[PDB]
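To start, the structure under review is shown below, and the notes come after it.
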Number of protein chains: 2
Amino acid sequence: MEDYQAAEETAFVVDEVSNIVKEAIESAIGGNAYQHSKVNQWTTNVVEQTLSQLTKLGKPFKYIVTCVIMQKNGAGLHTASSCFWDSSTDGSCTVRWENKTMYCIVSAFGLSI
Amino acid sequence: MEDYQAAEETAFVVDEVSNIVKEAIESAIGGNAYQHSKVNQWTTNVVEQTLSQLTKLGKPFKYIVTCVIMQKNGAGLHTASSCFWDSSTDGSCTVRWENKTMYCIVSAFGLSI
């Protein structure tokens with residue numbers, strides 16, 4: 001039982017990181033309309049609090065977070081990412097957020113040290 | 001002299017990663033225009049060529065490659081990458097590639113095993 005708890009603590013759980021990214025997106029962006037001047041601030045925020053919440057977990061993971069914000073104008077959006085690592089320890093999480101005005105896709109990567 | 005050569009071999013060189021990304025995009029996308037249904041194939045080909053060349057490098061790092069493809073129809077573009085690793089041996093490279101009607105942004109991360 002203790003080994004299972006240790007593995008869970010040391011593993012990159014997708015659900016908690018997804019909740020972290022969702023909360024970061026909600027806090028930084030919210031229901032605000034699209035503004036080209038605010039893309040830098042929103043992306044930098046989302047990244048910063050996503051990293052802060054990932055680090056507050058205490059897991060020995062090198063956290064990589066990327067954020068893309070794009071206005072909705074009928075343009076198709078596709079985000080694909082393939083990587084190679086040790087699938088036993090490292091994990092990834094893809095979260096896509098959208099509203100009436102812009103798209104938002106944030107990817108958080110947790111890699112064991 | 002030998003130590004410097006070994007360090008260069010075990011260092012994540014940004015220039016060669018950028019060259020690999022450019023070659024992968026050119027061989028996978030090239031002069032072809034944007035097509036919404038074909039974005040999946042272009043992103044997949046770019047990322048797999050990048051990963052294959054990066055593995056053929058043989059450096060002892062774990063790699064993350066994300067390829068993103070856009071339409072040039074007034075959609076705002078901005079990519080920011082702030083993460084948490086050990087900066088002494090791990091690095092990242094962001095390469096922006098564009099043509100008359102198409103955007104393709106690819107980011108590569110390499111982290112020490």
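Just so we're on the same page: first chain in the structure tokens is A, next is B, and so on; residues restart at 1 for each chain, and ligands are numbered from 1 in the order they show up.
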Next on the checklist: Using DSSP secondary structure from the backbone, list all alpha helix (DSSP H) positions within stretch 41-105 of chain A, as JSON, numbers by chain.
Outcome noted: {"A": [41, 42, 43, 44, 45, 46, 47, 48, 49, 50, 51, 52, 53, 54, 55, 56]}
Kindly save the residues from that selection, with N, CA, C and O atoms included, as an mmCIF file, in the first residue's frame.
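Written output follows (selection.cif):
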```
data_model
loop_
_atom_site.group_PDB
_atom_site.id
_atom_site.type_symbol
_atom_site.label_atom_id
_atom_site.label_comp_id
_atom_site.auth_asym_id
_atom_site.auth_seq_id
_atom_site.Cartn_x
_atom_site.Cartn_y
_atom_site.Cartn_z
ATOM 1 N N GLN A 41 0.394 39.325 -21.991
ATOM 2 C CA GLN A 41 0.149 39.254 -20.554
ATOM 3 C C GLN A 41 -0.588 37.976 -20.177
ATOM 4 O O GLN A 41 -0.219 37.303 -19.208
ATOM 5 N N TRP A 42 -1.631 37.622 -20.933
ATOM 6 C CA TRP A 42 -2.405 36.428 -20.610
ATOM 7 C C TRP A 42 -1.562 35.166 -20.741
ATOM 8 O O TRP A 42 -1.617 34.281 -19.878
ATOM 9 N N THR A 43 -0.783 35.060 -21.821
ATOM 10 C CA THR A 43 0.054 33.879 -22.014
ATOM 11 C C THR A 43 1.111 33.777 -20.923
ATOM 12 O O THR A 43 1.305 32.708 -20.325
ATOM 13 N N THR A 44 1.798 34.889 -20.638
ATOM 14 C CA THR A 44 2.830 34.876 -19.608
ATOM 15 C C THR A 44 2.243 34.505 -18.255
ATOM 16 O O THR A 44 2.820 33.690 -17.528
ATOM 17 N N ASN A 45 1.083 35.071 -17.910
ATOM 18 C CA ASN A 45 0.411 34.678 -16.677
ATOM 19 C C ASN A 45 0.128 33.183 -16.665
ATOM 20 O O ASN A 45 0.713 32.447 -15.861
ATOM 21 N N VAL A 46 -0.717 32.711 -17.591
ATOM 22 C CA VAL A 46 -1.076 31.293 -17.643
ATOM 23 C C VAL A 46 0.151 30.425 -17.405
ATOM 24 O O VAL A 46 0.144 29.530 -16.550
ATOM 25 N N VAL A 47 1.248 30.731 -18.103
ATOM 26 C CA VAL A 47 2.482 29.970 -17.926
ATOM 27 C C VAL A 47 2.982 30.074 -16.487
ATOM 28 O O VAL A 47 3.354 29.069 -15.870
ATOM 29 N N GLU A 48 2.988 31.288 -15.925
ATOM 30 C CA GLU A 48 3.611 31.485 -14.617
ATOM 31 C C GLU A 48 2.833 30.800 -13.498
ATOM 32 O O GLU A 48 3.426 30.087 -12.681
ATOM 33 N N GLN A 49 1.511 30.995 -13.431
ATOM 34 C CA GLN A 49 0.786 30.301 -12.363
ATOM 35 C C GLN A 49 0.657 28.804 -12.636
ATOM 36 O O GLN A 49 0.583 28.016 -11.686
ATOM 37 N N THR A 50 0.673 28.369 -13.903
ATOM 38 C CA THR A 50 0.723 26.931 -14.146
ATOM 39 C C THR A 50 2.014 26.336 -13.593
ATOM 40 O O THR A 50 1.990 25.305 -12.909
ATOM 41 N N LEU A 51 3.144 26.999 -13.848
ATOM 42 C CA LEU A 51 4.421 26.544 -13.309
ATOM 43 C C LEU A 51 4.426 26.584 -11.787
ATOM 44 O O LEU A 51 4.944 25.668 -11.137
ATOM 45 N N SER A 52 3.872 27.648 -11.200
ATOM 46 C CA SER A 52 3.870 27.774 -9.747
ATOM 47 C C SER A 52 3.044 26.672 -9.097
ATOM 48 O O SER A 52 3.467 26.076 -8.098
ATOM 49 N N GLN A 53 1.866 26.376 -9.653
ATOM 50 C CA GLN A 53 1.042 25.309 -9.098
ATOM 51 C C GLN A 53 1.680 23.943 -9.319
ATOM 52 O O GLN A 53 1.565 23.056 -8.466
ATOM 53 N N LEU A 54 2.350 23.747 -10.460
ATOM 54 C CA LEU A 54 3.061 22.492 -10.685
ATOM 55 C C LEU A 54 4.190 22.306 -9.678
ATOM 56 O O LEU A 54 4.385 21.203 -9.153
ATOM 57 N N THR A 55 4.938 23.373 -9.392
ATOM 58 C CA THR A 55 6.044 23.277 -8.444
ATOM 59 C C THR A 55 5.549 23.118 -7.012
ATOM 60 O O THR A 55 6.208 22.452 -6.203
ATOM 61 N N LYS A 56 4.404 23.716 -6.677
ATOM 62 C CA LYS A 56 3.858 23.575 -5.330
ATOM 63 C C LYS A 56 3.417 22.149 -5.029
ATOM 64 O O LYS A 56 3.187 21.819 -3.861
#
```
Item to check | Counting only C-alpha atoms, chain A residues within 7 Å of chain B, as a ChimeraX atom specification | outcome: /A:36,43-44,47,51,62-71,73,75-85,113
Could you turn the residues from that selection into a file that holds N, CA, C and O atoms, as a compact mmCIF listing (two decimals), in the first residue's frame?
```
# COMPACT_ATOMS: atom_id res chain seq x y z
N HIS A 36 -5.21 42.09 -28.89
CA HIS A 36 -3.86 41.71 -29.30
C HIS A 36 -2.81 42.18 -28.30
O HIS A 36 -1.76 41.54 -28.16
N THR A 43 -0.78 35.06 -21.82
CA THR A 43 0.05 33.88 -22.01
C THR A 43 1.11 33.78 -20.92
O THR A 43 1.31 32.71 -20.32
N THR A 44 1.80 34.89 -20.64
CA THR A 44 2.83 34.88 -19.61
C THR A 44 2.24 34.50 -18.26
O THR A 44 2.82 33.69 -17.53
N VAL A 47 1.25 30.73 -18.10
CA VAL A 47 2.48 29.97 -17.93
C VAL A 47 2.98 30.07 -16.49
O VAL A 47 3.35 29.07 -15.87
N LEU A 51 3.14 27.00 -13.85
CA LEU A 51 4.42 26.54 -13.31
C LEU A 51 4.43 26.58 -11.79
O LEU A 51 4.94 25.67 -11.14
N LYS A 62 10.60 18.19 -13.84
CA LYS A 62 10.94 19.39 -14.58
C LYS A 62 9.74 19.78 -15.43
O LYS A 62 9.43 19.11 -16.42
N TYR A 63 9.06 20.86 -15.05
CA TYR A 63 7.78 21.22 -15.64
C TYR A 63 7.99 22.13 -16.84
O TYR A 63 8.68 23.15 -16.74
N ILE A 64 7.38 21.76 -17.96
CA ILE A 64 7.41 22.55 -19.19
C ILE A 64 5.98 22.93 -19.54
O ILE A 64 5.12 22.05 -19.69
N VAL A 65 5.71 24.23 -19.66
CA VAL A 65 4.38 24.74 -19.93
C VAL A 65 4.46 25.70 -21.12
O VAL A 65 5.29 26.62 -21.12
N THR A 66 3.60 25.48 -22.11
CA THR A 66 3.49 26.35 -23.27
C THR A 66 2.04 26.76 -23.45
O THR A 66 1.13 25.94 -23.29
N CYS A 67 1.82 28.03 -23.79
CA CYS A 67 0.48 28.59 -23.93
C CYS A 67 0.34 29.29 -25.27
O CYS A 67 1.23 30.05 -25.68
N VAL A 68 -0.77 29.04 -25.95
CA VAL A 68 -1.11 29.68 -27.22
C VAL A 68 -2.51 30.26 -27.11
O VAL A 68 -3.44 29.56 -26.70
N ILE A 69 -2.66 31.53 -27.48
CA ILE A 69 -3.95 32.21 -27.46
C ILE A 69 -4.20 32.77 -28.85
O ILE A 69 -3.34 33.47 -29.41
N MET A 70 -5.37 32.48 -29.42
CA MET A 70 -5.67 32.85 -30.79
C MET A 70 -7.14 33.21 -30.94
O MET A 70 -8.02 32.44 -30.52
N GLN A 71 -7.40 34.35 -31.56
CA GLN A 71 -8.76 34.81 -31.80
C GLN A 71 -9.48 33.87 -32.77
O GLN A 71 -8.87 33.22 -33.61
N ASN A 73 -11.59 33.29 -35.88
CA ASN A 73 -11.94 33.92 -37.14
C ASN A 73 -12.22 32.89 -38.23
O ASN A 73 -11.98 33.15 -39.41
N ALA A 75 -10.60 30.15 -38.66
CA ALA A 75 -9.38 29.44 -39.02
C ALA A 75 -9.27 28.16 -38.21
O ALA A 75 -9.45 28.16 -36.99
N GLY A 76 -8.97 27.05 -38.90
CA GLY A 76 -8.81 25.79 -38.21
C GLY A 76 -7.54 25.76 -37.37
O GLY A 76 -6.48 26.20 -37.81
N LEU A 77 -7.67 25.23 -36.16
CA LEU A 77 -6.56 25.13 -35.22
C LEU A 77 -6.26 23.66 -34.93
O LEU A 77 -7.15 22.91 -34.52
N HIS A 78 -5.00 23.27 -35.14
CA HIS A 78 -4.53 21.92 -34.84
C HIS A 78 -3.23 22.02 -34.07
O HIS A 78 -2.30 22.70 -34.51
N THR A 79 -3.16 21.34 -32.93
CA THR A 79 -1.96 21.29 -32.10
C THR A 79 -1.60 19.84 -31.85
O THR A 79 -2.32 19.12 -31.15
N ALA A 80 -0.47 19.41 -32.41
CA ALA A 80 0.02 18.05 -32.26
C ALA A 80 1.41 18.07 -31.66
O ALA A 80 2.22 18.96 -31.95
N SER A 81 1.70 17.08 -30.82
CA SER A 81 3.00 17.01 -30.15
C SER A 81 3.31 15.55 -29.87
O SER A 81 2.57 14.88 -29.14
N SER A 82 4.41 15.06 -30.44
CA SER A 82 4.90 13.71 -30.17
C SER A 82 6.29 13.82 -29.58
O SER A 82 7.11 14.63 -30.04
N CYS A 83 6.57 13.02 -28.55
CA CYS A 83 7.84 13.08 -27.85
C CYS A 83 8.31 11.67 -27.51
O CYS A 83 7.54 10.71 -27.64
N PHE A 84 9.56 11.52 -27.08
CA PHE A 84 10.03 10.24 -26.57
C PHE A 84 10.63 10.49 -25.19
O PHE A 84 11.42 11.42 -25.01
N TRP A 85 10.23 9.67 -24.22
CA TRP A 85 10.79 9.70 -22.88
C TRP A 85 10.52 8.35 -22.22
O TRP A 85 10.10 7.39 -22.88
N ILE A 113 13.45 14.24 -13.10
CA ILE A 113 14.82 14.74 -13.07
C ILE A 113 15.80 13.58 -13.08
O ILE A 113 15.62 12.59 -12.37
```
Checklist entry - Given the choices A:28, A:59, A:110, A:18, which gets closest to residue A:95 if the distance is worked out from only C-alpha atoms? => result A:18
Next on the checklist: If you run DSSP on the backbone here, which positions in chain A get strand (DSSP E)? Please write them as a ChimeraX atom specification.
Outcome noted: /A:61-71,78-84,91-98,102-112
For the residues in that selection, give me N, CA and C atoms as a compact mmCIF listing (two decimals), in the first residue's frame.
```
# COMPACT_ATOMS: atom_id res chain seq x y z
N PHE A 61 9.63 16.82 -10.76
CA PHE A 61 9.37 16.89 -12.19
C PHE A 61 9.85 18.23 -12.74
N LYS A 62 10.60 18.19 -13.84
CA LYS A 62 10.94 19.39 -14.58
C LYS A 62 9.74 19.78 -15.43
N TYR A 63 9.06 20.86 -15.05
CA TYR A 63 7.78 21.22 -15.64
C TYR A 63 7.99 22.13 -16.84
N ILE A 64 7.38 21.76 -17.96
CA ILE A 64 7.41 22.55 -19.19
C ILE A 64 5.98 22.93 -19.54
N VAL A 65 5.71 24.23 -19.66
CA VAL A 65 4.38 24.74 -19.93
C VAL A 65 4.46 25.70 -21.12
N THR A 66 3.60 25.48 -22.11
CA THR A 66 3.49 26.35 -23.27
C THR A 66 2.04 26.76 -23.45
N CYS A 67 1.82 28.03 -23.79
CA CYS A 67 0.48 28.59 -23.93
C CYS A 67 0.34 29.29 -25.27
N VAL A 68 -0.77 29.04 -25.95
CA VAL A 68 -1.11 29.68 -27.22
C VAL A 68 -2.51 30.26 -27.11
N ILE A 69 -2.66 31.53 -27.48
CA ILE A 69 -3.95 32.21 -27.46
C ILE A 69 -4.20 32.77 -28.85
N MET A 70 -5.37 32.48 -29.42
CA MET A 70 -5.67 32.85 -30.79
C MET A 70 -7.14 33.21 -30.94
N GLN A 71 -7.40 34.35 -31.56
CA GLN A 71 -8.76 34.81 -31.80
C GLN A 71 -9.48 33.87 -32.77
N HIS A 78 -5.00 23.27 -35.14
CA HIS A 78 -4.53 21.92 -34.84
C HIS A 78 -3.23 22.02 -34.07
N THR A 79 -3.16 21.34 -32.93
CA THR A 79 -1.96 21.29 -32.10
C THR A 79 -1.60 19.84 -31.85
N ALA A 80 -0.47 19.41 -32.41
CA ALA A 80 0.02 18.05 -32.26
C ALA A 80 1.41 18.07 -31.66
N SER A 81 1.70 17.08 -30.82
CA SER A 81 3.00 17.01 -30.15
C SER A 81 3.31 15.55 -29.87
N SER A 82 4.41 15.06 -30.44
CA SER A 82 4.90 13.71 -30.17
C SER A 82 6.29 13.82 -29.58
N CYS A 83 6.57 13.02 -28.55
CA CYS A 83 7.84 13.08 -27.85
C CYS A 83 8.31 11.67 -27.51
N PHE A 84 9.56 11.52 -27.08
CA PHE A 84 10.03 10.24 -26.57
C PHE A 84 10.63 10.49 -25.19
N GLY A 91 5.01 12.25 -17.88
CA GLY A 91 3.67 12.33 -18.44
C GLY A 91 3.44 13.68 -19.08
N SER A 92 2.32 13.77 -19.81
CA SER A 92 1.95 14.99 -20.51
C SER A 92 0.45 15.22 -20.36
N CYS A 93 0.04 16.46 -20.59
CA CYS A 93 -1.37 16.84 -20.48
C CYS A 93 -1.67 17.93 -21.49
N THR A 94 -2.67 17.71 -22.33
CA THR A 94 -3.11 18.68 -23.32
C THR A 94 -4.50 19.18 -22.93
N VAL A 95 -4.62 20.49 -22.72
CA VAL A 95 -5.87 21.13 -22.33
C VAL A 95 -6.20 22.21 -23.36
N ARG A 96 -7.40 22.15 -23.91
CA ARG A 96 -7.86 23.11 -24.91
C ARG A 96 -9.04 23.88 -24.35
N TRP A 97 -8.92 25.21 -24.33
CA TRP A 97 -9.94 26.10 -23.80
C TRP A 97 -10.37 27.09 -24.87
N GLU A 98 -11.67 27.36 -24.94
CA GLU A 98 -12.19 28.26 -25.95
C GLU A 98 -13.41 28.99 -25.41
N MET A 102 -11.92 33.79 -28.45
CA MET A 102 -10.60 33.26 -28.81
C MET A 102 -10.49 31.79 -28.44
N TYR A 103 -9.54 31.12 -29.09
CA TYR A 103 -9.08 29.80 -28.68
C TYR A 103 -7.98 29.93 -27.63
N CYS A 104 -7.68 28.83 -26.95
CA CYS A 104 -6.59 28.78 -25.98
C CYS A 104 -6.21 27.33 -25.73
N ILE A 105 -4.98 26.97 -26.07
CA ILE A 105 -4.46 25.62 -25.84
C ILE A 105 -3.18 25.74 -25.03
N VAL A 106 -3.15 25.09 -23.88
CA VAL A 106 -2.00 25.11 -22.98
C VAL A 106 -1.55 23.67 -22.74
N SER A 107 -0.26 23.42 -22.96
CA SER A 107 0.32 22.09 -22.79
C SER A 107 1.34 22.13 -21.65
N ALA A 108 1.17 21.25 -20.67
CA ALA A 108 2.06 21.15 -19.53
C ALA A 108 2.77 19.81 -19.56
N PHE A 109 4.10 19.84 -19.53
CA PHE A 109 4.93 18.64 -19.58
C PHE A 109 5.65 18.47 -18.25
N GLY A 110 5.56 17.27 -17.68
CA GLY A 110 6.28 16.95 -16.46
C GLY A 110 7.29 15.84 -16.68
N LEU A 111 8.58 16.17 -16.59
CA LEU A 111 9.65 15.23 -16.87
C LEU A 111 10.45 14.98 -15.60
N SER A 112 10.68 13.70 -15.29
CA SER A 112 11.44 13.34 -14.09
C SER A 112 12.88 13.81 -14.22
```
Checklist entry - Suppose you want the space between atom CA of residue B:89 and atom CA of residue A:7; what is it in Å? => result 26.9 Å
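From atom CA of residue B:10 back to atom CA of residue B:58, the distance works out to 9.2 Å.
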